[PDB]
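Scroll down for the structure; my scribbles are underneath it.
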Amino acid sequence: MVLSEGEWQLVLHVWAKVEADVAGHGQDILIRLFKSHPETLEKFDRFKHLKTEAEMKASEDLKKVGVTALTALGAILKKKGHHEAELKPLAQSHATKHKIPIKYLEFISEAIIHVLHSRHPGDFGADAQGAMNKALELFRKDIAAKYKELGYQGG
Ligand code: HEM
């Protein structure tokens, strides 16, 4: 739903490339996020002593956090918009425990697009980038609605 079937197919085609190395994609996305938007690192209490890129890549904790997150995103993308049951818990934790504003979900979406293009340019051209942006926009719109239902504006 929402995106066309062709758009979902582009999203899931590049996602299959992510699934060849979920850990490495997760590390690179977090490192890109922290470099581009340094305020985001303050949300990760156990990462503040990781001062260099190589320390971040060596951290098993960071790698596991990234795989957990990308696993949840991949499960959501595979629902092709039919994701209320998957978004509800994610909104509860990110609104009420981790305290993540919707803007930070924009920042990580930028980092996702950047890493996917860096690693898979032949499988992530303009049409696929547009499809993935629409899929992440839908994710962000729906999770922002769930934030409000819980009493959080996410601003
Ligand atoms: C695509 C967007 C995201 C997805 C799919 C995602 C998914 C997840 C999942 C599945 C977890 C583990 C369970 C939980 O506590 O909810 C998690 C934990 C966490 N997320 Fe996210 N997340 C996203 C974006 C973000 C962003 C942008 C930030 C901060 C800037 C963030 C901060 C955290 C933190 C601090 C934790 C706790 C990690 C731990 O202590 O192990 N998340 N995330």
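Following the order of the structure tokens, first chain is A, next is B, and so on, with residues numbered from 1 inside each chain and ligands from 1 in the order they appear.
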What does the list of residues within 6 Å of ligand 1 look like if you count only C-alpha atoms and all ligand atoms, written as a compact mmCIF listing (two decimals) with N, CA and C atoms, in the first residue's frame?
# COMPACT_ATOMS: atom_id res chain seq x y z
N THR A 40 23.08 13.58 18.12
CA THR A 40 22.43 12.28 18.25
C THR A 40 23.22 11.31 19.12
N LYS A 43 22.17 10.41 22.80
CA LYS A 43 21.08 9.47 23.14
C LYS A 43 21.59 8.08 23.45
N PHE A 44 22.86 7.78 23.21
CA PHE A 44 23.39 6.42 23.36
C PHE A 44 24.40 6.44 24.51
N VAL A 65 23.44 -3.28 18.79
CA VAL A 65 22.39 -2.26 18.75
C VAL A 65 21.99 -1.97 17.30
N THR A 68 19.96 -4.94 15.84
CA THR A 68 18.61 -4.98 16.38
C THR A 68 17.73 -3.95 15.68
N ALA A 69 18.25 -2.73 15.52
CA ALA A 69 17.49 -1.68 14.87
C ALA A 69 17.21 -1.97 13.41
N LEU A 70 18.23 -2.37 12.64
CA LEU A 70 18.00 -2.63 11.22
C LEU A 70 17.10 -3.83 11.02
N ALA A 72 14.54 -4.59 12.91
CA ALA A 72 13.21 -4.05 13.07
C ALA A 72 12.79 -3.26 11.83
N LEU A 73 13.70 -2.45 11.28
CA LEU A 73 13.34 -1.68 10.09
C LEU A 73 13.05 -2.61 8.93
N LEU A 90 7.75 0.19 18.73
CA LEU A 90 8.88 1.06 18.44
C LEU A 90 8.59 2.50 18.85
N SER A 93 8.85 2.77 22.75
CA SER A 93 10.18 2.85 23.31
C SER A 93 10.88 4.12 22.88
N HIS A 94 10.74 4.52 21.58
CA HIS A 94 11.51 5.68 21.16
C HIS A 94 10.93 6.98 21.66
N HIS A 98 13.69 6.23 25.03
CA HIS A 98 14.91 6.76 24.46
C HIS A 98 14.79 8.24 24.18
N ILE A 100 13.45 10.07 21.45
CA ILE A 100 14.02 10.40 20.14
C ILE A 100 13.04 11.31 19.38
N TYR A 104 15.31 13.39 14.59
CA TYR A 104 16.41 12.42 14.61
C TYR A 104 16.13 11.22 13.70
N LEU A 105 14.86 10.84 13.53
CA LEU A 105 14.51 9.79 12.58
C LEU A 105 14.76 10.26 11.15
N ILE A 108 18.60 9.86 10.81
CA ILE A 108 19.05 8.48 10.54
C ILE A 108 18.61 8.02 9.18
Fewer than 5 positions away in the same chain doesn't count, so skip those; otherwise give me all residues within 12 Å of residue A:53, counting only C-alpha atoms, as JSON, numbers by chain. {"A": [27, 28, 29, 30, 31, 32, 33, 34, 35, 47, 58, 59, 62]}
A:37, A:120, A:97, A:80: which is nearest residue A:138, counting only C-alpha atoms?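 Nearest candidate to residue A:138 out of A:37, A:120, A:97, A:80: A:80.
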